[PDB]
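Single chain ahead, written as C-alpha cells, the form deposited in one PDB entry.
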C-alpha cells in the first residue's frame, strides 16, 4: 500500500502535463529557446538519478525513498514536457510562413477567476447567517486574489509601451489594493462584536472593492490588450513534429515505468516486471536523447 499514492499522483500529473503536447502553437512560459535547452538538460540529469532511485528502492523495500524518487521523477518529467512544448512552439513560429502574433497583457482565465472569487467572497461575508469566522475566511480569499490581481496589473503595465495604459493598470490595481485594506480594517475591527450593525458594516465595506474590481475588469477587457494567436504554417508544424513525438514517447514510457514500479514496490519478486521496468527506463532515456538532438537540429 505505501508508495502507491505517490505513483497514482505521478500518473495523474503526467496525464495533465501531456495536454501541453496536443496543440503546442502558443507560448506556455517565458523561456527562450536556450532556456528550453537548459531546462531539458537539467531535468535529464534529475530524471536519470530518479529512475535509479525508483528501481533501487523498490528492489530493497525502502518505501519512503521510493516515494521521493517517484515524486522527483514526476516533477522532472513535467519540467521536460513544459520545455518541450515551449520549444516546439518556438520552432513552429520561426518558420518564414508563420505569423508570430502577440502576447496579451493579462491572462484572461485566471483574471476572471480572481474577480469572481473576490465577488463571491464579498457576497459570502454578507450572507445573514454567516459566522464571524466566515467573515475572516472570506477576507483571506479576498487578500489572495487581490495580490494576484495586483501582480498581474504590474506585469500588464510592464508589458505595454503605451504610457496611458501603463499608468492606468497601476492606478486600477491601486484602487483594488486600497479597498481591500479598508475592508480588512473593518473585519479586524470586529472584536467580541457580532451584532447586526457590524454585519451591515462589513457588507458596506465590500462596495468600494466590488466597484474597483468591476472597473479593473472593464478596463482590462479592452480588445487592444487581448492576445492575438500565432498562426503556424504547415511547414512549421512539420518542423515541430520530431520534438513533439519524442516528448509524447517519453511520457508514454514514463507512465509505464511508474505503473510497473507501483507493482514492484508492493512485490519486488517479479522478474518479468523488472525487465519491463528496465525497458521503459531505457525507452525514456532514448526518447530524451532524441528530443535533445531534435531540439538542436531543428533549432531556429
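Throughout, rigid core stands for the largest set of C-alpha atoms superposing within 1.5 Å between the two forms. Positions refer to the first chain, counted from 1.
Another form exists, deposited in another entry; not displayed. Remarks below refer to it.
With the core held fixed, residue 183 shows a CA shift of 2 Å or greater between this form and the one not shown.
In the core-superposed comparison between this form and the one not shown, residue 146 has its Cα shifted by at least 2 Å. Shown in the overlay between this form and the one not shown, fitted on the rigid core, is a CA shift at residue 71 smaller than 2 Å. Annotation for the pair residue 101/residue 82: C-alpha atoms approach each other in the other form, by 3 Å or more compared with this form.
The pair residue 248 and residue 101 is tighter in the other form: their Cα-Cα distance falls by no less than 3 Å compared with this form.
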